[PDB]
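Colleague: Just dropping this structure here.
Any read-out appearing in this document is the output of simple, stated calculations on the displayed coordinates, not a laboratory observation. All Cβ positions, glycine included, derive from the backbone under ideal geometry; neighbour counts span all protein chains shown.
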Protein chains: 2
Amino acid sequence: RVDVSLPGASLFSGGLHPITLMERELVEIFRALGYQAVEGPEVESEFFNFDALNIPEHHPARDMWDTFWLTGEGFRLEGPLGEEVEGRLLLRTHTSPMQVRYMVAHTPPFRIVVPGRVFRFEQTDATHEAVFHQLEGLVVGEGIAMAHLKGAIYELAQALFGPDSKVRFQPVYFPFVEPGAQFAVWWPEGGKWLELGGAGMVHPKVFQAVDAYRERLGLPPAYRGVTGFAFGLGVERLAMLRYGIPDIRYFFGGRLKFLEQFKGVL
Amino acid sequence: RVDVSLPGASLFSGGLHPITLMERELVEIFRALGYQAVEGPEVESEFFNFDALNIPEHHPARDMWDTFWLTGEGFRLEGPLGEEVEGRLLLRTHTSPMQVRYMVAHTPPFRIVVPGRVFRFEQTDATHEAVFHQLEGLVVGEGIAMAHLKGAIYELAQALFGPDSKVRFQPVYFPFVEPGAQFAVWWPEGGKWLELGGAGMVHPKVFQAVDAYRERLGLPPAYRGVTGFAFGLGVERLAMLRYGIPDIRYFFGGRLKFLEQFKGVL
Ligand SMILES: Nc1ncnc2c1ncn2[C@@H]1O[C@H](COP(=O)(O)OC(=O)[C@@H](N)Cc2ccccc2)[C@@H](O)[C@H]1O
Ligand SMILES: Nc1ncnc2c1ncn2[C@@H]1O[C@H](COP(=O)(O)OC(=O)[C@@H](N)Cc2ccccc2)[C@@H](O)[C@H]1O
C-alpha cells in the first residue's frame, strides 16, 4: 500500500504579478469594446511626451508631470516608422505620447489601448509611486463625439464594479484635449467615488502635430476631417482597490510572500 | 566544469488540442466585436434542438440533421432556468438550440457566441465527422438588420485571412431564419472560396417560441419588438484549412504525434 496523502514531488507553481492581472482585465474589458492593445517605449523624446501633445516648455501645464531627464550618447531612439529620432531624452511621464506615435503610423478610424510603465520624480509613500502604470485609450474617426467617451467609461465602470456602478465626469485641464475631463466611478462595495483618470476630445493641435510629422515624413495627412477622444487611467490605484492592497510600494517590492498571494487569480 | 549542452531534467511540456486553438481564435475574433461566449448542453430535448427552432417532425426540413436519439431513465435535463425539462432526448445536431435557451434566460439587446460539440449520424471519411464542433452567433435588439450580419462575417473574414479576403452571401434555407443565407470567405493563400456556414435573420416564430416559453415560466415577454441575426459555422473545416490538416478524423484520433504538432500555437 501507499500513503496517498503524502506531499508529492515539489514541482514549482508559478504566478502573475498583480499589475499584470489588473492590466489584463483592463485590456480584456476594452478588447470587448473593439480596442486593440499596442505599446510604446519607456524612454521617449521631449517631442512625443510633451511638444506634440501641446505641452510646451516653461509653462505651468508642464508642471503636472515631474520629469526624469536622461543623458548618454550612443542610444538610438526609434520613431513611429523606425526612423531614428532625436530630442532631449526622458522617461515618459505618461502613456499619452503613444497617441502621437500610433496616429503617424496608422490611419483612422481605429480604437487602441496602450498600457505601460510610466515614470515621475516624486516621493513614494503608501499611496504614491515614482514608477507606476497607466492605461491609455484613443478612439479616432468621423463623428466621434464626447458622448462616445462617456459611453466607454460607463462600460468600463459596469464591467469593473457591476450594475450598481456609475460614472462621474467633471471638467478638468489637459493640453492635449479640448473638452477636458476627469472621471470617477462609484464603487458600491466600498460606497465611495474613486478618481480613475483624465480624458477628453483630442485637441486640434494634436491632430496637427500628427499630420505635420507625417508630411515631414512623406506620408499624406490623415487627420484633418476626424475627431476623437482619449483617456488615461492609473492602474496601481485600481488594482489596490480591487485586490485590497494597502501599500502601493508592495508592487515593486519583489517580496514573494506578497506576490504569491495572487496565484489564484489565474 | 559542466557540459552545459546536455539535455536537462525531462520536465513535461503540454499543449492544447487544435480545436481548442481554432475555437479560441474564433472566440477572440468575436469578443473583439462585443460577443460573449456561452455554452449549452450536448444532450438536448427535441423541443430545443428542433421544435423551438421551427423544425417540426416528419418534414423535409428535419432531414438536414441526422439525429442520434437517446434512451434511459434517471437522467435529468435542466432547462434555461434550472427548471427540469422533458422531451425526447437526443445529441444536439447543432449549437442553434442555445439560441433559444439563452433568449429565455436573458433580455435584449445582446451578442453571444456559442461554441460546442455537436453530433450527427453519418459515415466518417477524410472530410466528414459524426462528431464535430460548431460556433453559433446570435445578436438581437431593436434595429438589428441583415446589413449587420454581413458586417459581422466581413469582419470575421478580415480577421481570419487578411485584407485580401472577402465574403460571399447566397440565399439558402433554414427554418429558424427568414432571410436565410449561406456564406463563404475568399482564402487568398489558397485562391478559393470555402463555405463557412449558414446564417440569417432570426425567424419570427423563434422569437415567439421564446416568449411563449417565458410566459409558461412566469417571465414577461422580451422579444416582441426586436430583430436579430444568427449564424453557425463548423470549426473542424476552418481548422483543417488553417493548420493544413488533411484528415478530419485526426482530431478525435488521440494520436500524440498529431496533437504534439500544435504546441507551438501557444
Ligand atoms: N504618484 C502616483 N502614484 C500612482 N498613481 C498615480 C500617481 N500620479 C498619478 N497617478 C494616476 O495617474 C492617473 C492619470 O495621471 P495624470 O498625470 O493625472 O494625467 C495624465 O497622466 C494624462 N496623460 C491622462 C490623460 C490621458 C488622455 C486624455 C486626458 C488625460 C490618475 O487618475 C492616477 O490614478
Ligand atoms: N459531417 C460534417 N463534418 C464536419 N463539418 C460538418 C459536417 N456537416 C456540416 N458541417 C459544418 O457545419 C456548418 C453548418 O452546419 P449545417 O447543418 O449545414 O447548418 C447548421 O447546423 C445550422 N444550425 C447553422 C445555422 C445557424 C444559425 C442560422 C442559420 C444556420 C457547415 O458550414 C460545415 O462546415
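Colleague: So what's the gap between the Cα centers of segment A:57-85 and segment B:192-249, to the nearest angstrom?
Modeller: Using only Cα atoms to place each centre, the spacing works out to 52 Å.
Colleague: In nm, what does the list of distances from residue B:195 to its counterparts in the other copies look like, shortest first, when each label sits 7 Å along Cα to Cβ?
Modeller: Distances between equivalent label points, in nm: 6.1.
Colleague: Would you mind checking segment A:162-195 for residues with the amide N under 18 Å from a putative spin-label position 7 Å along Cα→C-beta of residue A:205?
Modeller: A:172-181
Colleague: Distances from residue A:164 to the same position in the other copies: list them in nm, one decimal, shortest first, using label points 7 Å from Cα along Cα→Cβ.
Modeller: Label-point separations across copies, in nm and ascending: 5.6.
Colleague: Compute the helix-to-body angle for B:146-161: its Cα long axis versus the longest principal axis of chain B, expressed 0 to 90° and rounded to tens.
Modeller: That works out to roughly 10 degrees.
Colleague: Follow-up question, since we're still on this one. Could you state the angle between the C-alpha long axis of helix A:18-31 and the longest principal axis of the C-alpha atoms of chain A, as a value from 0 to 90 degrees rounded to the nearest 10?
Modeller: Approximately 60 degrees, to the nearest 10.
Colleague: Then there is this: Quick check on the exposure proxy: order A:111, B:216 from fewest to most C-beta atoms within 10 angstrom. Walk me through the numbers on the way to the answer.
Modeller: Details: A:111 19, B:216 9.
Least to most surrounded, the residues fall as B:216, A:111.
Colleague: OK, next. What is segment B:135-254's relative contact order, in percent, from Cα pairs under 8 angstrom and six or more apart in sequence?
Modeller: Relative contact order here is 29 percent.
Colleague: Please report the residue of chain B with the smallest beta-carbon distance to the B-to-A rotation axis, and give that distance in Å, no decimals.
Modeller: In chain B, the Cβ lying nearest the symmetry axis toward A is B:31, 3.
Colleague: Same structure again: So what is Rg over Rh here for chain B, counting just Cα atoms and using Kirkwood for Rh?
Modeller: Rg divided by Rh gives 1.03.
Colleague: In whole Hz, what ³J(HN,Hα) sequence does segment A:254-266 give by Karplus (6.51, -1.76, 1.60; θ = phi - 60°), x for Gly and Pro?
Modeller: Going residue by residue, I get x, 5, 4, 4, 8, 3, 3, 5, 10, 5, x, 6, 5 Hz, with x marking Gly and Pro.
Colleague: Give the angle, between 0 and 90 degrees and rounded to the nearest 10, that separates the Cα long axis of helix A:204-215 from the longest principal axis of the Cα atoms of chain A.
Modeller: With both axes taken from Cα atoms, the answer is about 80 degrees.
Colleague: Sorted from fewest to most neighbouring beta carbons within 10 Å, what does the list A:48, B:251 look like?
Modeller: On the way: A:48 27, B:251 22.
With the fewest neighbours first, A:48, B:251 line up as B:251, A:48.
Colleague: Another question about this same structure. Considering every Cα-Cα pair within the protein assembly as shown, what fraction, in whole percent, is farther apart than 44 Å?
Modeller: Of all Cα-Cα distances in the protein assembly as shown, 30 percent exceed 44 Å.
Colleague: Do you know the relative contact order of segment B:135-194, to the nearest whole percent, from alpha carbon pairs under 8 angstrom that are 6+ apart? Please list the in-between numbers first.
Modeller: On the way: 56 pairs, mean separation 13.7, N = 60.
Reported relative contact order: 23 percent.
Colleague: Anyone know which of B:147, B:130, B:37 comes out most mobile in the 10 Å Cα GNM of chain B?
Modeller: B:147
Colleague: Run through the other copies and list how far each one's label point is from that of residue A:216, in nm with one decimal, shortest first; the point sits 7 Å from Cα along Cα-Cβ.
Modeller: Spelled out, the distances from residue A:216's label point are 7.1 nm.
Colleague: Related question: What number, rounded to the nearest 500 deg cm²/dmol, is the helix-based mean residue ellipticity at 222 nm of chain A, given -39500 (n - 2.57) per DSSP H run of at least four residues and division by all its residues? Intermediate results must be reported in sequence, preceding the final value.
Modeller: On the way: 7 runs with 68 residues, N = 266.
Helix-only estimate at 222 nm: -7500 deg cm²/dmol.
Colleague: Mind checking which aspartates and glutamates have their Cα closer than 15 Å to the Cα of residue B:257? Skip sequence neighbours fewer than 8 apart in that chain.
Modeller: Filter leaves B:247.
Colleague: Take every DSSP beta bridge whose two residues both sit in chain B, then give the antiparallel share in percent to the nearest 5.
Modeller: Taking every DSSP beta bridge with both residues in chain B, the antiparallel ones total about 95 percent.
Colleague: How high is the relative contact order of chain B? Use alpha-carbon pairs under 8 Å, at least six apart in sequence, and give a whole percent. Walk me through the numbers on the way to the answer.
Modeller: Working: 466 pairs, mean separation 56.7, N = 266.
Over chain B, the number comes to 21 percent.
Colleague: Starting from the Kirkwood Rh over alpha-carbon pairs, what translational D in µm² s⁻¹ does segment B:1-71 have by Stokes-Einstein at 4 °C and 1.567 mPa s?
Modeller: Result for D is 74 µm²/s.
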